[PDB]
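Next up is one chain by itself, shown in structure tokens, the form deposited in one PDB entry.
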């Protein structure tokens, strides 16, 4: 199944993409990739040795082969202990219709480069109400579940729809309603989620828009700017109460939801935006041999 699944969708990043992305390797990047491939092979590894996976790890370690082998090995260790390799069957987030309003997290269509768009309304989160029903451990299970649906279903379909490899998502994080107090209360979840993201899903973040940022924090960020990695800085966007134009630059109006200033609508019979999962991975044109992605609840 390994070799056919990847033949089922375009595997080249567009050429104007960052160096070391599939299809765009120079000689040395190619040598390093072959080298790390063989080094993992000899260690007795089989699956997930494709070009995309390994160039993500390498980009994450600036193509240092040894540290990339390291990070890969730790990631597989975590996959075994956590049960990731089967979570899509094992875990069932039956509470979602109940607690979605208390931490809106949802995927919706694609940006102009073909990336699935991911939305988190962090500033509206109410862990008081969420903790009446579920736990942080289960929230993180759902997050990994969603990441696995991204990798196994959302990205292959997005790649077919865009005509080229799609490896990343475009995140929109709404800060409207945030406070120091609610920051402390979400701190533990956000830090766990980040750890998972950076270490077991490297280079999956393509854009990261913060919107309704408080005036203070964005001024601060412009001064603090040199302290971050320049690539990371170019993927980040701080915006205030008027973000609609800058979002509509990156996401077609019929893809971006109305409440953020586009034209895309969801009908509230199914439970509206917070419970939806609309995009090319639900489109018969783009669903491939992997089948359609599972729904999160029934």
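Residue numbers count along the first chain shown, from 1. In this text, the rigid core denotes the largest set of C-alpha atoms whose superposition between the two forms falls within 1.5 Å.
There is another form of this protein, the form deposited in another entry, and it is not shown here; the text below is about that form.
- Taking 2 Å as the criterion, residue 165 does not count as shifted between this form and the one not shown: its C-alpha moves by less than this amount when the rigid core is aligned.
- Relative to the superposed core, residue 39 shifts its CA atom by less than 2 Å between this form and the one not shown.
- With the core held fixed, residue 24 shows a CA shift below 2 Å between this form and the one not shown.
- Wider separation of the C-alpha atoms of residue 270 and residue 140, by 3 angstroms or more, is seen in the other form than in the present form.
- Relative to this conformation, a decrease of 3 Å or more in the Cα-Cα distance between residue 228 and residue 192 is found in the other form.
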